[PDB]
Amino acid sequence: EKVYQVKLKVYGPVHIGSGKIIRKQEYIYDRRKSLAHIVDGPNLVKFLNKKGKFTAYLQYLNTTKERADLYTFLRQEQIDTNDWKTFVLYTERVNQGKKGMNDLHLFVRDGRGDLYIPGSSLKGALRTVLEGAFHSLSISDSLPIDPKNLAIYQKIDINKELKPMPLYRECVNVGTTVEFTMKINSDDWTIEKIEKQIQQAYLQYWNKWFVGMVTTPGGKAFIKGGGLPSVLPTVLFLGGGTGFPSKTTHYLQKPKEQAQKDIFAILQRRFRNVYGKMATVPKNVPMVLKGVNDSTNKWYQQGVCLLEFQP
Amino acid sequence: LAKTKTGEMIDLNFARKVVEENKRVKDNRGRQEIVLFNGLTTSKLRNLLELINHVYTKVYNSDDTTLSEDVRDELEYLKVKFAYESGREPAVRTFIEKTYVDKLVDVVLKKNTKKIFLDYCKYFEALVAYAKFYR
Amino acid sequence: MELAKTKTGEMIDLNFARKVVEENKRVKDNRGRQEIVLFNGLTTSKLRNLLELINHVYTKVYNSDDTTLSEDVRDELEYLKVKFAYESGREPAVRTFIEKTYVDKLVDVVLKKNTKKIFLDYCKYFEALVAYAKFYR
Amino acid sequence: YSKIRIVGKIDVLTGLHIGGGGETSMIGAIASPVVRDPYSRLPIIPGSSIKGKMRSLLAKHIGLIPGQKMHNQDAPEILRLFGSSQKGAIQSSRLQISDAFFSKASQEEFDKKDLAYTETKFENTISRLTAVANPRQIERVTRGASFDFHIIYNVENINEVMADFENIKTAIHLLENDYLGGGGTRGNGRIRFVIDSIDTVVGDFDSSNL
Amino acid sequence: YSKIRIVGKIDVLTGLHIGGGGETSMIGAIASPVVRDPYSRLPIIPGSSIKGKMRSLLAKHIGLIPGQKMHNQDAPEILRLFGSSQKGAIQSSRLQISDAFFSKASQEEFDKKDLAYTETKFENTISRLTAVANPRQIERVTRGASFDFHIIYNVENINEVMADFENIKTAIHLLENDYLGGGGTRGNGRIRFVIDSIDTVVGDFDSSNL
RNA sequence: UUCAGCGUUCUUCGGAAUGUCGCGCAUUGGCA
RNA sequence: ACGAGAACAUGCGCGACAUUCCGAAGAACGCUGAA
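Residues carry numbers counted from 1 along their chain as the sequence is written. These may differ from the entry numbering, and residues without coordinates are not shown. Here the convention is simple: chains get letters from A, ligands get numbers from 1, in the order in which they are written. The structure shown is incomplete relative to its larger assembly, and all values pertain to the part shown. Computation of side-chain values: all heavy atoms of the structure, hydrogens and water removed.

Deposited coordinates in this entry are attributed by the record to cryo-EM, at a stated resolution of 2.72 Å.

The structure is reproduced here in C-alpha cells:
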C-alpha cells in the first residue's frame, strides 16, 4: 500500500466543529483589543463567588438578557486583566466583519487539547469528490497545529450583499499548512487518479455554481476585495460552513439545470421557510455564498484548501 | 432524587408526566403542529443536554462516590448556563421552572454524591426522550 | 409465559411473538426483487439495539440468586421504558414495533411483579421477537 | 522447554478506539465506548486484538493462498507462531500475547496534566445528496497514553526460534505502519512498540542474542 | 502416613475463562459462559483444570518421549506426583488438587465499588476471504478477583517428598509463566500463586521447611 | 441602520458466533 | 447361625484448540429573524 504525505494549505479559513458553540457572555471580547479571551466557566464562577461579584454578575445577565458580554461586566466592575488571566484559557485574534461578537464556534481539539484536523474530515472531503474502495484509502489525523495559526473569523452571507451573520468560528488561519499521511492500495487508488478527480470536481464546482454566484452584486464585491485568489489546481473544501454546492454530489454528476432543480427541491423539502415559500428556481441554488474577511479587508472563501501529495 | 412542591417525587415517570402536561396541540392552517412548554423546540433541549453531558462524562469517568471540587464548579456553571438560557428564551424558562431542574442541580450539589448526579442526568435524559416521544 | 393480555384479550407468549412478527410481515417488490418488511420498516440493527438494552438488565438479574428485582434493576427497567419512548419518537418503525409487541407496557408489569421469573419471562418474549424476526426475514 | 518473556510499552500515536459492547449510554453522550478494564475502569488493549491484527498483517504480508477461507490455511510460519486448530494438524501457538493494561507511568503523567485518559471525538455522517447529517460521539484513548504489553514465547524448536522472532519483528513493524482498533482508515489507532527486556523466564535458552 | 495441606490464593492477572457448558444461551447474551459453582453462582477454578495444566506443563518441561500417545507414558516423577493408570502399575497420585473458590475478600472488594465478578468481552473474527467480522461475547473472571486454592500431598514415601515438592514448585512456576483455562494465547487466564501455606494436617511429618 | 443567532440531525447499517472433538482406556464381557 | 461373608465403580484425563469489536461513516446544511 503506497503512502503519500498530504500537505494542506488553507487559502480560506477552515473551522472543523468540535461540537461546541459558546455564547458572548461566556467569552471576553474587547473590540479595541480585537482579542477574545476564552474563559472556562466553572473557574470564572468560582472567581466571582470569591470576589463577591457573583450576585452582581447574575443581576447583570438578568438586566440585559439579549446582550450579556463578559467584557462589559468585567469592565463595569473594574476587574484587572491580570485578575482575568486566571480564568482565561487562551486568547485568539478576531476578524470581525461588522461591534460585539454574538457567538463562537470552537475548533476541534484532542484530549491533550492540541488543535488537529480529524483524518475522518479529510477522508470525507476526498470521498465526496472520489465517488464514481474507501477502505483502501487511509487518512490519518493531522499533526497538531500551533495555536498561533488559529483565529476567529466572522461568518458573512454573500448574496447580492455582504451581510455579517451572527456566527463566529475559530478557524485555521490562511497560509497555514496541515500535514496528513495517506495510504492507498494500487489496485484501488492511484494518486494521479485522486488528484485528477479532485481537479475535475473543482472545475465542475467552479463552472456550474461559482460563476453564477460571482455574477450577483455581493459576489462582485467579494471578488473585488480579493475573495478569489489567482492560484485557486487541486482544491478541497474541508471547513464547516462551506455550503451545499460542496458536501454534495449533485453539481459533480448532474447537468447544471438538472442539478439546480434537484438541489432546489431538496432545499424546499428540508428548509420550508426560506426555500419552501419560494416558487421558482433562483439564479443560484443555494442562493447565498459563505465568506471570511480580515483586518486588511481581504476577503476569503470559507474552508477552501489546496492539497499537495508527495511520495 | 427529590420531592417537588405539593409532595411529588422526581422520577422518569414524573418526567413523562411533566412532558405530557405541557403538550398542546395548537393546530395551524389545518395542520397539527405539536408545541411543548409554550413553544420549546428540540434544539434548546439538546443544548441543555450537551451542558449536562459534559459534566456527566466527567463524573462517569471518576471512580470515587463523592463529587470532586471541579464537578461542583461545573454544577455551579450549569446553574449559571441555565439562568442565561432561561433569560434569553421564555420557553426555556418555562421548561426549567416546570421540570425543577435548576433546583435539582442544587439538590445534587448538597448531596455531593455520584449516584445522585447520575440519577439527575437520567432524569434530564428522560425529559429529552419523552419530549422526543410526544413530538 | 402469560406475560400480558393485549387489547382484544390476546395473551402475550412466545407463540404470540411468532404471530405478531407474522402479521406485521409484508413483501414489497422493491427494484423487482421481493423484500421482506417487518413492522412497516423495522431493521435488524434497531431491534438488536433494543435487545442490547434488555441484555444489560438481564445479565444483572439472571446472575442474581435473589428472586425479587433489585432496586437498581427496577431503575434500569424504568430507564428501558425511557429508551423505548426515545426510540419510538426517533423512529416510526420502532414505535410501530413497541405498539404491536407491547414490550413497553410489559416492562411496567415486570416492575409491578418485582419477580425474577416475570423478568426472565419478559426477556424470553423479547428474545423470541428477535428470533422470529430473523426467521421470517 | 523454555519460555521467553517480552515486556514493553505500546504508545498511542493517535487517539486509539477499541470497541466495547453492552455499555449503557446517555442520550447525547458517548455512544461508542472504548474497551476498559472492569476493575480499574481504565482503557485496556485486549491481547486478542493485538494477536489478530499481527496475525492478519503477517499472513497478508507473506501472502494468502488463492481463495483462502479459514485462518488454519495460513502459511506454516503463521500457523506455528499463532497456532492452528486444523483437523489432524493441530499446532501450538508459541506467541502468547496478553492484555495490555494502562501503565501507571502514563496514568501519573496524565494526572499531573489534569487530562482524562479517554478523549471524546465528535464525528458525523453526511448524506451526499440531501446533506442530512447524523452526529456520532466516540471515545478514543488520549494520545501519549502507554500500555504495558507482555508476550510469552515458547521454545518448541530451538532452530525455529530465530526465524520466529524475525517474523515477530516483522509483525511488529507491520502493526506500527498499520493501525490497531477501529476507524484506522480515518486516522484512529496509530501506535508505537518499545521493548523493556527480552528475558528467558523458563529454561536455559539464551535470549540475550534476540 | 502423613498428609500435607497446601492452602493459598490464585490471583487473576488477566481475565480468566474456564468454560462450562450444559445451558442454552439467550440470543445476544454470552455464548460461552464460565464454569460457576451452582450454589454460590460464583465462578470456580476446577481442580481438574489446575491439575491438567500443571501436569501438561511439567511433562513438557521434563520432556516427552517421541510419539507419546497416553498420559501414563509421562516421566516416573509425573506419574508419581499426579497418578498413573497402567495395567499392573497403578500409582496412586500424591497430589489431590481441589476446586479453587472465589475468595470472600475478593467478593467483598467487588461488592464494594459495585463491580461484577465476571466481565463480558466482545470479540469478533474477521474472515480471511470476505473480510467480514462475526462477533461473539465471552464471559471472563475479572482481574481483581482471587481464588482460594487447596491441595493435599500424601507422604507415601518420605524420601521423595522434597523432590516431589520441587517438581510442584517447578510446575507452579511454569503455570505462572503460562495461562489457565481457555483463550490464553489471546490474553486470558494469566494467574499467580501469590499466597502459599504448607502444613502437615495429618500425621507427624515435618513440613516446616517445605 | 442596528440587535440576534435560529432551526434540524444525537448515531446508522451489517455481521450476533462458527468449526472441531461430544468420552476414552483398564477390570468386566467376548474369543479361546 | 440371614445364597452368606470380604470387596471404594475406582484409576488416568486442562472444556480445550483457531478467531482484530471490525467495515463504511467530513460536525455541517439552510440563512434568516427582530427592531
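Still to come is the rest of the account.
## Quick notes on the layout of surface pockets
Let me state the cut-off plainly: The rule is simple: put a 1 Å grid over the protein atoms alone, call a set of points where a 1.4 Å probe fits but cannot get out a cavity, call an open set with protein on both sides within 12 Å along at least five of seven lines a pocket, and count a residue as lining if it has an atom within 4 Å of a point. Grid points are joined across faces, edges and corners, and a volume is the space filled by probe spheres set on the points. Numbered from the N terminus, helices here are DSSP runs of H or I no shorter than four residues, and strands are runs of E no shorter than two. Here the nonpolar group is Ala, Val, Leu, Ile, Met, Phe, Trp, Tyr, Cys and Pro; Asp, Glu, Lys and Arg are the charged ones; every other residue, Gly included, is treated as polar.
By volume, the second largest pocket amounts to about 390 Å³. Contributing to the lining of the second largest pocket are 20 residues, with B:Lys79, B:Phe82, B:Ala83, B:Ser86 and B:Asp102 lying nearest its centre. If you list the elements that add at least two residues to the lining of the second largest pocket, you get helix 2 (54–63) of chain A together with helix 3 (69–88), helix 4 (90–99) and helix 5 (101–111) of chain B. Take the lining of the second largest pocket: its biggest share by element is 8 residues, from helix 3 of chain B. For the lining of the second largest pocket, the residue count by class is 10 nonpolar, 3 polar and 7 charged.

## Let's talk about the protein's contact with RNA strand G
For clarity, the cut-off: Here a residue is near a molecule or strand as soon as one of its heavy atoms is found within 4 Å of it. Between N or O atoms, a polar contact is any pair within 3.5 Å; within protein, one atom must be a potential hydrogen donor and the other a potential acceptor, and residues adjacent in sequence are included only when both atoms are from side chains.
Every one of the 100 residues lining RNA strand G counts as a neighbour, but A:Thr128, A:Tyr275, D:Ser48, D:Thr125 and D:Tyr179 are closest to it. Take the atoms of RNA strand G that sit within 4 Å of the protein: sugar and phosphate atoms are 69% of them. Measuring from a phosphate oxygen of RNA strand G, one finds a backbone N or O atom of A:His15 at 3.4 Å. Between RNA strand G and the protein, one listed contact pairs a phosphate oxygen with a side-chain N or O atom of D:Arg186 at 2.8 Å. Its residues assigned to classes, the surface near RNA strand G shows 30 nonpolar, 48 polar and 22 charged.

## What about the pattern of salt bridges?
Rule in force here: The term salt bridge refers to a pairing of a side-chain nitrogen on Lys or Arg with a carboxyl oxygen on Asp or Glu at a separation within 4 Å. Partly exposed describes any residue whose relative accessible area lies between the buried limit of under 20% and the exposed limit of over 50%, with all areas from a 1.4 Å probe on protein chains only and scaled to the type maximum.
Throughout the structure, instances matching the rule amount to 51 salt bridges over all chains. As a salt-bridge pair, A:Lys155 and A:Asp157 come within 4.0 Å of each other at their nearest N and O atoms. In terms of burial, A:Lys155 and A:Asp157 fall into one category: buried. A salt bridge links E:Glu119 to E:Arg140; its shortest N-O distance comes to 2.7 Å. Taken as a pair, E:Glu119 in strand 5 (residues 118–126) and E:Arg140 in strand 6 (residues 133–141) lie far apart in primary sequence, 21 residues in all. For E:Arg140, a relative accessible area of 4% translates into the label buried.

## Some words on the packing of helix 2 (residues 44–63) of chain C against helix 6 (residues 116–135) of chain C
Residues and elements named next belong to chain C. Rules: Fitting a line to C-alpha atoms yields each axis, with helices limited to the stretch in contact; the angle taken between N-to-C directions then spans 0 to 180 degrees. Reported orientations rely on four angle classes, namely roughly parallel under 35 degrees, roughly antiparallel over 145, roughly perpendicular from 65 to 115, and oblique for the rest. Note on convention: the crossing is left-handed when the near helix lies turned anticlockwise from the far helix by less than a right angle, right-handed when the turn is clockwise. Residue contacts are defined here by distance: any two heavy atoms, one from each residue, within 4.5 Å place the two residues in contact.
Contact geometry for helix 2 and helix 6: axes closest at 10 Å, N-to-C directions at 155°. Taken together, helix 2 and helix 6 sit at an angle that is classed as roughly antiparallel. Relative to helix 6, the crossing made by helix 2 is left-handed. Contact residues: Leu47, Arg48, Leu50, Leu51, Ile54, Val57, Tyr58, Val61 and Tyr62 in helix 2; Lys116, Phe119, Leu120, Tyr122, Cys123, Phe126, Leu129, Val130 and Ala133 in helix 6. Grouping the amino acids of the contact of helix 2 with helix 6 by side-chain chemistry returns 16 nonpolar, no polar and 2 charged.

## A short note on the protein's contact with RNA strand F
Within the structure, RNA strand F sits among 46 residues, and B:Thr41, B:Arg46, C:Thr43, C:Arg90 and D:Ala133 are positioned closest to it. For RNA strand F, the backbone makes up 63% of the atoms found within 4 Å of the protein, where backbone means sugar plus phosphate. A:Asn102 has a polar side-chain atom sitting 3.0 Å from a sugar or linking oxygen of RNA strand F. The separation between a phosphate oxygen of RNA strand F and a polar side-chain atom of C:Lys46 is 3.0 Å. For the surface near RNA strand F, the secondary structure elements donating two or more residues are strand 9 (162–172) of chain A, helix 2 (42–61) and helix 3 of chain B, helix 2 and helix 3 (71–90) of chain C, strand 6 (133–141) of chain D together with strand 6 of chain E.

## A closer look at a negative patch on the surface
To be explicit about the condition: Put simply, a patch holds well-exposed residues, over 30% relative accessible area, that have no salt bridge, with like charges counted together within 9 Å and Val, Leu, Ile, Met, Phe, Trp or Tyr side chains within 5 Å. Here the accessible surface of atoms and residues is derived via Shrake-Rupley with a 1.4 Å probe, and residues count as covered only by protein chains that are part of the display. Counted as positive: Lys and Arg. Counted as negative: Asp and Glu. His and the chain ends are not counted at all. Here the site of a charge means NZ on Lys, CZ on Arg, CG on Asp, or CD on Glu.
On the surface, a cluster of negative charge is contributed by C:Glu71, C:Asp72, C:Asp75, E:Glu108, E:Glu109, E:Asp111 and E:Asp114. For the negative patch, the elements supplying multiple residues, two or more each, are helix 3 of chain C together with helix 3 (104–111) of chain E. As for its placement among the helices and strands, E:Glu109 is situated in helix 3.

## Quick look at the side chain of D:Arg128
In this fold, D:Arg128 is placed in the loop between strand 5 (118–126) and strand 6. Notably, D:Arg128 is buried but unbridged: the nearest opposite-charge side chain belongs to A:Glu131, and the N-O separation is 4.1 Å. Excluding residues within four positions of it along the chain, D:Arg128 makes contact with A:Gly124, A:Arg127, A:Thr128, A:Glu131, A:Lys247, A:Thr248 and A:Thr249.

## Points about the interface of chain B and chain A
The following threshold applies: Throughout, the accessible surface (probe 1.4 Å) given up by two parts as they are put together, summed over both, is called the buried area.
Across the boundary between the two partners, chain B contributes 13 residues, which contact 12 residues of chain A. Buried surface at the junction of chain B and chain A, summed over both partners, amounts to about 1,300 Å²; 54% is from carbon and sulfur atoms. When the buried surface of chain B facing chain A is broken down by residue, B:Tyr77, B:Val80 and B:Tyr84 rank first, second and third, together holding 46% of it. Our enumeration of links across chain B and chain A arrives at 5 residue pairs in polar contact. Those elements that provide at least two residues to the side of chain B that touches chain A are helix 2 and helix 3 of chain B. With 10 residues, the top contributor of residues to the side of chain B that touches chain A is helix 3 of chain B. Among the residues forming the side of chain B that touches chain A, the class breakdown is 3 nonpolar, 2 polar and 8 charged.

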